[PDB]
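Order of writing sets the chain letters: A, B, C, D and E. Residues in each chain are counted from 1.
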Amino acid sequence: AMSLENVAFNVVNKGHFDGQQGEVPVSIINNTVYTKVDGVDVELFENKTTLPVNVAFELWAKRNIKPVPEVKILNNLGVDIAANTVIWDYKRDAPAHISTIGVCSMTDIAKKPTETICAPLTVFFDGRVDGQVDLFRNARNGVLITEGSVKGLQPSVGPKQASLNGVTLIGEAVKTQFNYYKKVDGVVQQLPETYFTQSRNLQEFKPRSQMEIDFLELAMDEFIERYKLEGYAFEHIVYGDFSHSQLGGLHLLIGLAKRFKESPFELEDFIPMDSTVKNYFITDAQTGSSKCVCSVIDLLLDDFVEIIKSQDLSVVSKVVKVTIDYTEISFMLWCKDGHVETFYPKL
Amino acid sequence: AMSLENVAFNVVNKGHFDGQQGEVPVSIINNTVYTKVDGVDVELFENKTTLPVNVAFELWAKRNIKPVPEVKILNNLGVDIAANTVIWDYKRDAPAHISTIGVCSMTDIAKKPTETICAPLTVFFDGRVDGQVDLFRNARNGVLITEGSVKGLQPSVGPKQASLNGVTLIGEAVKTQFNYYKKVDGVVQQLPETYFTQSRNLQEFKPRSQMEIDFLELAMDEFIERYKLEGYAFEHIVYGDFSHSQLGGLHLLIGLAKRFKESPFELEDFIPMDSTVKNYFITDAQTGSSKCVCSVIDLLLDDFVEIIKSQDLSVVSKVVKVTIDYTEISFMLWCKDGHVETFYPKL
Amino acid sequence: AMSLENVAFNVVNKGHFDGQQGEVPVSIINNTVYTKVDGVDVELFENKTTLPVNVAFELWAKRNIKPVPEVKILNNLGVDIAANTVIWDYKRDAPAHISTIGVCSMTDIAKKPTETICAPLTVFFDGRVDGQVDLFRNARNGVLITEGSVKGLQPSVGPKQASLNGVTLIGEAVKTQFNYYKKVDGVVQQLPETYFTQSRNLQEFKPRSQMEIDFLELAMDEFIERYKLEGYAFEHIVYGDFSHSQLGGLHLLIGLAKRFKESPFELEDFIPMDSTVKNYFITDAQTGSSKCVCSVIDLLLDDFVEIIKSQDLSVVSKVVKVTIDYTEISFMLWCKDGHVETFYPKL
Amino acid sequence: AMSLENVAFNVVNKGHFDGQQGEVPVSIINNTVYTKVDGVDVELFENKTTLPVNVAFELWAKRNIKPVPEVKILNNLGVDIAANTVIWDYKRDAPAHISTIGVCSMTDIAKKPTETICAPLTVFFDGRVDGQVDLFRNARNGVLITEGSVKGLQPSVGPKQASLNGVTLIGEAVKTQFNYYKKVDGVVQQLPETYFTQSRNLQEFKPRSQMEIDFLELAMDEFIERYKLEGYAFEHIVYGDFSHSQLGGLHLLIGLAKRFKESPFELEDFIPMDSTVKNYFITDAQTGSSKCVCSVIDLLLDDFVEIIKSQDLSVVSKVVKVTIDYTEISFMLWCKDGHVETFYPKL
Amino acid sequence: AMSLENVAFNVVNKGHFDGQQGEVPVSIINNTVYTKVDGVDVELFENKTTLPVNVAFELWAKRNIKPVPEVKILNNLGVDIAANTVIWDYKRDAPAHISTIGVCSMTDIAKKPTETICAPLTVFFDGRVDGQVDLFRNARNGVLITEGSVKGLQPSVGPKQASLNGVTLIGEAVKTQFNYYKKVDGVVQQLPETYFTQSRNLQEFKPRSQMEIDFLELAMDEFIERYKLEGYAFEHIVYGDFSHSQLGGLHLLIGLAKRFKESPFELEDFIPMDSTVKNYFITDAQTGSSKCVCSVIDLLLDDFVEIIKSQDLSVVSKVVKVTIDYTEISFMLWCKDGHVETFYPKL
């Protein structure tokens, strides 16, 4: 059975819900779950969601603690429901998919896991758990991650990193590299050859390739010179221009770190969630420059150079379709006179 | 085990917690417990207390549905805790005794029912349940009600009336009259001879003796002279005087009903609870007479006459103490020239 | 467009949302919508639902004010969604169907009005509005009510009464009699010859047939004798027995009125909603009799007699399926020695 | 000094704040003030306003309990602030004027009394309290009510009834008849000869003149014939027409009672407050007739006849200025062919 | 007297409640106390407790600002209530002991400071305040801290550090070293010779002895061999092993700092409170290693070596009771073949 006091017991001892037996007093006051440890109330959980507090507490305590794909990957892959587990979105601080089936009943609106309302539901399956590959096979539209490989199916190599307990990481002790399978209309797919966001951030930016180490360390103009990037105008699209109140270009996280190292400033995430492209409210604390909305995307700088290389320069103002995180991101690219005038993900 | 969804199950089927097994979805939103009946949320409970909503829901669903003594009887008898049941104060919409032991743990603050902090608590025992008489025997300070009689103990006859599911009543189908036992320091106290409030209501006042029928029907002065109450000032202490803005008298519910028959007015209960003497805020709609506070007692008119008779009138400004509902209520009785100037429950 | 201030404007002038233009200040504080009429906040709406307050306010202001089928009829007919209007459930004090499509986009979970997610949605169509018959024709599974009659479809006569603004009534000035059509899997249905609840209550019970007037007025035993009901034991199944704490029989609203007239008591609806059978918590204020759960059903007493007449008495303990309000209600009917021992809707 | 525990003390003993000394424990939980009477929390106050709960509790406990003018009178007279007391609006269940000066510093926004920000406020003065006449004299824009009469000022006779503790009444023991004075720009006014709403309701409608008693008792057509007002068409403007879904006319409370006496129906006040004209959502439970908005006004039927008598019939569709409750109410009157086609307060 | 506005005054000027005179406007909105500084509301306090907001505000403003023992010390010493002061638990953001006697009356469940209900309460006395030593003498069960020394009583040296305004510290300017006294059942105790937690953390770990500086600076293996720790397996019980997803050993804060210096990771305190042993949810951001629950204890590394030295190695799987912070903490210690297989505080 599922009870609030048992869930609170598990949380108090383990921090998540295993399924032990034992119960503890629980108090609920205004979107908050307290328990009386040693005669004093301590806050176990605080509902930041739009769900009822007991519902969200029971979803949170049941969250997945093994490494899992980042929620942006599942959004791009169209996942709607997770089978037999809960994916917690530590950005939103709430479950990734509002309904849950194969986990608990009153979270979902679908009648049955394969009912008519629940047919176009793209499920998610965790190969590391037994039987999930089978459930994939018998599924209508589903996405499967597997720790290793499965028979009779072409794999698809995903990102190096995964989210473990809300921190993204590349794991030695843990395999944060899964193989992906997709079956829409019961028919396996051919996942596109795609590009993976590195999922980094300014205050802890770490270069992951020699080009990145050169970018961070080398001076500006001699870096453009050194990697033969003179014709592609990285002084704006990457390096970031501050000569005006309206901050210009600067649509790569690498450039943001390369400037933030000089003088810190702030990023204002007005839509707290996860996506391949992230719109920030950017303000330069040194010069006073600020852009109302700035679309930042975080490729490998190696991969940024590769995609810019593979692109012809003939079209004056072209739109490119590049496959990032299994989704087609469209890049606006005005090329003037055979050089890169502007290049960023179109709003 | 103790489960919120089990409690809601019982409430949905039975309206109270029996102890069946089954669960129903539960949602908590802002001091309110809902459940999904046939796909729609219906509100099971709404917390009017100062307790956490799940705590109060569990206490409410565990309330006693057999006839029970009115809470004023238990307050006067000093009861502090009930054993193995919950008394619901439908006046306050909250349990009668905030702590609860012998039922559940985290409600009470005493460590153990026998522990030192819990020794000086007057417990309440329900004879109709088995074993409770024994528990009363082995109890330090306790009050016991029995439907019939117990061996080796002098009974004490209480009111004919009782609270069944929050409505007070006299029952032939159900025995609403109990025998009372009180033990202080394990020593069986002898209960005083006492008078009982009739717990009647203003809107639905019903005479319970011939004198009351005469009061309601007979004219005023013909009534005072008819029962020979001319020297006892019933025209003020009972009938109530409306000549002035400051309302006078009206300290018996009988007189309030006698006026309310002639014209409705409003009684405002600024302290919603249950007591032997109840202070009301009176506004007379016809005359406009109003008194900020007026103490009302609903003792039997027969027994009111009896107490007024048994009392000498020599003392000008005496204070009587009569035992009502097992507690000493003191009236102020100012007598002038062998008759009663004023007489009411002193504030 | 839809805005909170426009909706509040409409509510302030009309009481519901027509679609006028004009806006008024709005304040939201804790599940409550206020507006500043002449410099003072007046409460426009108070959210009793589990929906966000602005969502529920906009649903309520958009509710249907023409006469509509009672929500129990729509539940029985399986309706899941209403097209182009909102049905307010004044019992629950919340919308009858949580999602809305054909009305508003951010209340439903189905992607489109026509989608695989919304294939099994039994929609509701209001023939009194233009185009709704056509939408019914093109619909997958739908229920249509029509003011008069439609071509090519067998009608189905529904109840005499409808719900107008939350009060149920039979209308002279308004036609509260609709014809019903059901198309599951695209194919028209054959709505069963059914029995209709009269939707009455104790506070204002009014007889609707001569047998009912005899029941209310005539004495008990000579009424059983007069309509030749001696062999069917209406003293229990209808009249209601109070000889014990556990109240017996008494499963018809008419018997409830026939007793409540003698001495009033209370009914506790612990599941506030609408259904053909309603479980009450019943307590006899005179005798002190009380049943924890009592299933009450309100047929026409004429129709009760007819259904009991149609039943053979051979089966000792039979279960009868009778079609009430387009749904199969099953009575348990214990017949001993050719007479009606017990007969009530089985729990 | 003003403290929450002192205020709660006064409320617990008196029901309002006198200014005694003594304090009681107070708890605040979610717009509610509780106090611990004899070990149990009892709810003292529940905030229905948009003010902070302690602010509103301290305003409520300081409300005026002497008879006071109805809030609609003060609105019409333009009162913005009350000096040295609080007017509670029991309709809205909140103070009549949000700010208070001369009472409490942290409720108003004007810096000081008679300040430049405070100059254009019409204050209210209670003659029954000492010094208020003087404060009126020295005031810029003020309205004074006096129990009796004042020297050097023409009085103005107000309504017979006043609001005492939220119930309107004509008082014998209390003088609910005040004389009014208005001084705009420090210049005394000439209050118009006006007509007064009687402030009645359907549940307890009581005729106040012989014509009203005839209206209630007499049949319709012979009542029109009897008082000989056949040309003025009271079958619509007063009696109310019920032959259509859209209810017709029926803009006088007297007519509403004359129907509600026959068969009860429901009034839905969608703007809970006080005004000379009140817009109701009206529905006929018998016929099924219903009007979305109905402006009801409650004169003395004597005075209705008087205003209709003083009316010329030449203008086909005229707008009439009539002084009711010291404010100009406009009646629209389609009077075609010398007869009263339609006549009601224009929306 | 105690009032909300006076308390807010003190807080606004001083930050805590001294007892000055003066009052300031206060607003309460949803577990938050605001005051109007210069015409704008500023938030004074925000209720994180389970107490009523005014109750908690008055407790917080009355908190102790002199250095005080860590709440874990008082928990271990069994303290139930403080006398004449409030200990604030800055971990929980709530008072350390729910009930207060000598502070205010509506905080304690005990009827009196000295009563049968409050006999078994271990009170806390602050010797730095006058009369508290005397109150200790006359006390039933009490714990006293003294700044210096008292006559006729054996002292007991406590920890070097105290909590001043929620930050723990060893004080030069302030004496954070008290002498402890315990009188259970009126008889002075013999406080055990015990070990004291150092109360440090990863973000600001600072070594406090030469052995600790060697630990932080020296690499692993030469540190084990250098302090003769080869046979005691500090590579697991202290250094922490990351070869697997399930992190191993690592039950000393010093080892946590010694690793966190290399690569940072996170600690999730799922039970926010204070205790001698603290269960963390630990995840290695570099290797991906993570343990669901990890009991961390923070001795002086010198004292850890001392306890491991004093312990025999004969028992294969022993449990050691060592007195830390005046309480008996038991380590599980699996010794295999004369070496320390595992050693950590048993869960």
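Note that in this section contacts are C-beta pairs under 8 Å (C-beta built on N, C-alpha and C of every residue); 3 or more make two chains touch, one makes a residue touch a chain.
The minimum number of touch steps separating chain B from chain D is 1. Common partners of chain C and chain D, by the touch rule above, are B. Two copies of one chain, chain A and chain C, form a contact in which over half of the residue numbers belong to both partners.
Comparing each option in C-D, B-E or D-E with B-D by residue number, the pair that reproduces over half of the contacts is C-D.
Put simply, chain D has to spin 180° for its C-alpha atoms to lie on chain E, with the angle rounded to a multiple of 5. As a whole-number value, the distance joining the C-alpha centres of chain B and chain C reads 38 Å.
If you average the CA atoms of chain A and of chain B, the two centres end up 62 Å from each other.
Centre-to-centre separation of chain A and chain D, using mean CA positions: 61 Å. Each of residues 27, 29-30, 50, 52 in chain B touches at least two other chains.
Chain pairs that touch one another are A-B, A-C, A-E, B-C, B-D, B-E, C-D, D-E. Those residues of chain E that touch chain D in the complex are listed here as 1-6, 23, 25-30, 36, 52-55, 105-106.
Contact residues of chain C toward chain D in the complex are 11-16, 27, 29-30, 34, 37-44, 65, 67, 164-165, 167, 169-174, 176. Residues 50, 52, 109, 115-117, 119-120 of chain B are the ones that touch chain E when the two sit in their complex. Contact residues of chain D toward chain C in the complex are 30-31, 48-50, 75, 89, 92, 94, 96-98, 242-245, 266, 268, 270-273, 281, 283-290, 292-293.
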